[PDB]
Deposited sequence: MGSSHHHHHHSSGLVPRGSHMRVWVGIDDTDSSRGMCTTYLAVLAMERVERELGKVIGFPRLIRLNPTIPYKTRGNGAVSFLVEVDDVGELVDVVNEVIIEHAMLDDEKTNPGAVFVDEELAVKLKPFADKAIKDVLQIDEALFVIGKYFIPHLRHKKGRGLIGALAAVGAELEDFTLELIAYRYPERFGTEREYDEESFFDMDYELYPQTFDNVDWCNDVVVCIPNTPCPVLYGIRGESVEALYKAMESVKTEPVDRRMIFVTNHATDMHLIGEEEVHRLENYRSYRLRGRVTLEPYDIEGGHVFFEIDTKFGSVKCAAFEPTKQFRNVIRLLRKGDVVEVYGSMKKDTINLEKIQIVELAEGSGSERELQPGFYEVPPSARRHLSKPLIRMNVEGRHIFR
């Protein structure tokens, strides 16, 4: 009656859970989908209770044989907490992962360099203060790689009935069904929501080709777990994401490609921000900024540039009737990054929500 956490680095995890739940023991609660630093990113972890940890390792390996895997006890699980934090909000080297695995004799399956190990350990050690659920439907093997068939309208009807119990599944303004991937992966669709109830209802209203397997995951998606407040650092750096307050010093200007840039003066000096082309209408908002506007930006730092996920216009330049209204703005659903918390999940005022 041993309780162990499996860390893998989602389809394969589901196949693995299956064999566990049928040949070695049960699975406690909901499996977990953890995303790592978005600038460097998924990894799955699940709690199980078997008798022979060695047996459990034997299974998973066969499954992986038809990649990093870790098997830690609920005990060590709490220790990996910091490793998980650094893997999500900072940068880790595969050395640091090999160290932990070595220090606590964590049984594992290593392949080559073993960069799958960082995710495997991170998935197990991640402590979720906030979280969201995701229902992932899979296709039958026979259809992997072919074109997904589904009724676009059914997803829009579904969001119309469930939103916000389910969210960021479709994009009305840009007319896109964002919960459906366009890759050779086994995933048919991935609906995000606030509960099993809503997700189950969603799965029942949506129309698509026959769904083979399905799994509701607990994830750090849409939580803002990657953001570092500016009161926590002395200097900013690339490959990290922040929530910075600043004052516009250089007004918006477009560049080749449909992107809009500008700069803000901050406790750290001037910082350049951007609203790349995929953000669509969100650029309309950005183009209205003016020298003097005080704001608070949220985003990943890359090449010394904040890649806007959302922004808050705190104060409009003192000396102006402008179109810009104070309050929150965010990229449309189709430009949403996995870890970005959507305004519909934030109990704040002045939220301008684009559905």
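- Several segments of the deposited sequence are absent from the coordinates, namely 1-19, 29-38, 70-75, 102-111, 366-367.
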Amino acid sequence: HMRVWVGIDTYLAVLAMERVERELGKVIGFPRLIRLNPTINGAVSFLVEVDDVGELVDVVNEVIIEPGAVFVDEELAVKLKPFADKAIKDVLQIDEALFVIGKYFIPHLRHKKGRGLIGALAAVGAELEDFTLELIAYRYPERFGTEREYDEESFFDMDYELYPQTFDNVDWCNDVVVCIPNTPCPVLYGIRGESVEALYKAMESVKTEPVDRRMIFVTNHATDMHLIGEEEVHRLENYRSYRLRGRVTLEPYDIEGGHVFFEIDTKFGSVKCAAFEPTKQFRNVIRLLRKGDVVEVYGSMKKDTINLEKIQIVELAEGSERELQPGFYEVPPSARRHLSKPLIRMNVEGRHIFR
From here on, numbers count along this sequence of modelled residues.
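- Here the stretch with the larger average CA B-factor, out of 246-254 and 87-95, is 87-95.
- Between 174-182 and 74-82, the higher mean Cα B-factor belongs to 74-82.
- Considering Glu231, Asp159, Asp130, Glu263 together, the PDB entry gives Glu231 the largest C-alpha B factor.
- Of the residues listed, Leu339, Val331, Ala16, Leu343, the entry assigns the biggest Cα temperature factor to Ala16.
- Among the modelled residues of its chain, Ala275 has a C-alpha B-factor that falls in the lowest third, as given in the PDB entry.
- When all modelled residues of the chain are sorted by CA temperature factor, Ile313 is found within the lowest third.
- When the CA B factors of the chain's modelled residues are split into thirds, the value for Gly327 lands in the lowest one.
- Split the chain's modelled residues into thirds by C-alpha temperature factor. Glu209 is in the middle one.
- When the CA B factors of the chain's modelled residues are split into thirds, the value for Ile353 lands in the lowest one.
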